[PDB]
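Colleague: Experimental structure and its sequence below.
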There are 2 protein chains.
Amino acid sequence: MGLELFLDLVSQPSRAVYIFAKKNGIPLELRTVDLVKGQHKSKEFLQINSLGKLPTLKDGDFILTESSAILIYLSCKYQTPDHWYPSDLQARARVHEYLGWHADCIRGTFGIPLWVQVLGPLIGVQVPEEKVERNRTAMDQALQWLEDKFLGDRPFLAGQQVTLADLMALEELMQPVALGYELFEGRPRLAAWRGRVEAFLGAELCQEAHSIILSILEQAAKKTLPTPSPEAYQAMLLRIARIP
Amino acid sequence: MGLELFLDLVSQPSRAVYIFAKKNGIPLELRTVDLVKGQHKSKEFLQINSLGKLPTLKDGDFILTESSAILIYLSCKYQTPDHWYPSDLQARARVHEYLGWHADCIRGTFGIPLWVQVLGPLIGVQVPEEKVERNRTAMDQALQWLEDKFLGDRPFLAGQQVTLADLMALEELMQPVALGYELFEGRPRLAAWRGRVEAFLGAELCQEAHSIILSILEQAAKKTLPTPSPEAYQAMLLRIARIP
């Protein structure tokens, strides 16, 4: 069974999974893969995940990827509490639905500030003023949508209780926060929901799932960051190259 | 029950759903919403989907969105064949996994040629030469990944049989094709897979699910295209504004 989980806690989807697995007490072998360094691109790793993306979960000789797939798969195999990923047609659908939008509107837009302030400069590459703004006015744009469209009156994006939908959302949101952007400033709805979740999860877990990234801006200043391999350098140039 | 499906067959996710529903014979009330025109933004529609996105499926007073959620939801409620969306842990996982990558790497990159050639100019807005190329070299970049990473030796991205994963993939891919980009040129793997699927689905269905978009380049020429509302004008400028 083994059941190892290659991941880097600077990777927002990685955190999500790690958090889920931890909160439901799932025997997991935490395989650390320095992303900043370019570990996920090491020949040895590509031998595990031809894609070289994190977090990838290896169960048996079955290697899966995609925090969504992994979570869902996990949650299933380990019959985790139902509220998480409900078996109710309407309910599950409500989850499936946000995740899809999340993948569209949240994922990839809220990680940008990290590139603009850390990973970018790390390779001498500086992001254009515009892209920066464009991106932020794009964030709150989504923040709102999330706010009143998904969150609205209820306590969670995916309904009445905590669910994969929240774990993912919040975790992704955490990044710009960690970099200094206080998105929960003028959003008591959002704020309250976050607090509600964190509350649920627990200080301990969150205090450690994050850690890595709240420090990172400093490691950045203190030049503690590893020099990325030419393989990571490439991926990094691409990502930066797809910032609108 | 009603079970209406607002959608515009120029919208690749819309096609997907429509196709699934049609192939499995699901009683569906096809609610057409001119996207090009700006229908999905009409006050009356926002009263149905605060988001104004297509295709949105209204079952009972339950309004759902996200082709993924919809499909899955559909497939469930209408106990459609298992191969589609398997109940097997490894299997389903493999689907869930692609969809996530699909949402990341395919969705949003393969619709661009339509904006560059049609929707864009339709509002006097012309896309920069770079973005164009960047985008295409980005498409085949994904095409390959899809090709040998997901497709590889097996017959489908999601395993051995047709599955939501394919319906969506192929449909999205169809756009640049319909625009004149022959992505299946130097990819016998890709080509064969497509042919495999189309085969399965049937000429009739495909012959009509597409239609709308293979014509569109013409309607474009012949100025048959509806002038978009200031609401659609906005969304159109945003979308174009997020082309890297």
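Modeller: Perfect, I can see it now. Numbering: from 1, shown residues only, chains lettered A, B, ... in the order given.

Colleague: who's in contact with the helix or strand containing residue A:133?
Modeller: Using DSSP states H and E, residue A:133 maps to helix A:129-144. By CB atoms under 8 Å, 6 or more residues apart in numbering or on different chains, the residues outside helix A:129-144 that reach it are A:105-106, A:109-110, A:112-113, A:116, A:176, A:181, A:183, A:187, A:190, A:243-244, B:241-242. Placement of C-beta: from N, CA and C, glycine included.

Colleague: The residue nearest to residue A:16 when sequence neighbours are not counted is in what secondary structure piece?
Modeller: Leaving aside its chain neighbours, residue A:16 sits nearest to residue A:171 (4.4 Å; criterion: CB to CB, 6 or more residues apart in numbering or on different chains). Per DSSP H and E, residue A:171 falls inside helix A:164-178.

Colleague: so what does that helix touch, helix or strand wise?
Modeller: Packing contacts for helix A:164-178, counted by 3 or more CB pairs under 8 Å, 6 or more residues apart in numbering or on different chains; DSSP states H and E, involve helix A:12-23, helix A:67-77, helix A:89-101, helix A:112-114, helix A:188-201, helix A:212-221.

Colleague: my guess is the residue nearest to residue A:16 meets residue A:17, correct?
Modeller: No. Checked against CB atoms under 8 Å, the pair residue A:171 and residue A:17 is beyond contact range at 9.1 Å.

Colleague: Between these two, which has more neighbouring residues?
Modeller: Shown here are residue A:171 and residue A:17; by other CB atoms under 10 Å in any protein chain shown, residue A:17 has more neighbours (28 against 25).

Colleague: For chain A, what lies in contact range of chain B?
Modeller: A:50-51, A:62, A:64-69, A:72-73, A:76-77, A:89-90, A:92-93, A:96-97, A:99-101, A:103-104, A:107-108, A:134, A:138, A:145, A:149, A:241-244 (CB under 8 Å from any CB of the partner chain).

Colleague: what domains does the record give for chain A?
Modeller: What curated CATH domains lists as the domains of chain A is A:1-82, A:83-244.

Colleague: From those domains, pick the one with the highest average neighbour count.
Modeller: domain A:1-82 (a mean of 19; mean count of other CB atoms under 10 Å in any protein chain shown).

Colleague: does residue A:58 sit in a helix, a strand or a coil?
Modeller: Classification of residue A:58 using DSSP: H, G, I helix; E, B strand; the rest coil returns strand.

Colleague: what is it paired to in the beta sheet?
Modeller: Beta-bridge partners recorded for residue A:58 (DSSP bridges): residue A:4, residue A:63.

Colleague: Contacts only, for it.
Modeller: By CB under 8 Å, 6+ apart, the neighbours of residue A:58 are A:2-6, A:31, A:48, A:64.

Colleague: Over to residue A:231?
Modeller: A:38, A:41-42, A:52.

Colleague: Reformat the residues you listed as CSV; add secondary structure.
Modeller: Shown next, in CSV, are these (three-state DSSP):
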residue, secondary structure
A:38, coil
A:41, helix
A:42, coil
A:52, coil
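
Colleague: ok, these vs residue A:229, which is closest?
Modeller: residue A:38 (3.4 Å; CB to CB).

Colleague: nearest spatial neighbour of that closest one, skipping sequence neighbours?
Modeller: Closest residue in space to residue A:38, ignoring its immediate chain neighbours: residue A:232 at 2.7 Å, by CB to CB, 6+ apart.

Colleague: okay, the helix or strand harbouring the one you found in PDB with CA atoms only?
Modeller: For residue A:232, the element it lies in under DSSP H and E is helix A:230-241. Output in PDB follows, covering the C-alpha atoms of helix A:230-241 (Å, rounded to 0.1, in the frame of the first residue of the first chain):
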ATOM      1  CA  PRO A 230      17.500  24.700 -15.800                       C
ATOM      2  CA  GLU A 231      14.400  22.400 -15.900                       C
ATOM      3  CA  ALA A 232      12.700  24.500 -13.200                       C
ATOM      4  CA  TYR A 233      14.000  27.700 -14.900                       C
ATOM      5  CA  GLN A 234      12.000  26.600 -18.000                       C
ATOM      6  CA  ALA A 235       8.800  25.800 -16.300                       C
ATOM      7  CA  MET A 236       9.100  29.100 -14.400                       C
ATOM      8  CA  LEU A 237       9.600  31.100 -17.700                       C
ATOM      9  CA  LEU A 238       6.500  29.400 -19.100                       C
ATOM     10  CA  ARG A 239       4.300  30.100 -16.100                       C
ATOM     11  CA  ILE A 240       5.500  33.700 -16.100                       C
ATOM     12  CA  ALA A 241       4.900  33.800 -19.800                       C
END
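
Colleague: and the angle from it to helix A:129-144?
Modeller: On the basis of axes from the mean of the first three to the mean of the last three CA atoms, to 10 degrees, helix A:230-241 is oriented at 70 degrees to helix A:129-144.

Colleague: ok now do the closest residue to residue A:117 other than its chain neighbours, which residues does it touch?
Modeller: In space, and not counting its chain neighbours, residue A:117 is closest to residue A:179: 5.5 Å by CB to CB, 6+ apart. Residue A:179 sits next to A:113-114, A:117-118, A:217 when contact means CB under 8 Å, 6+ apart.
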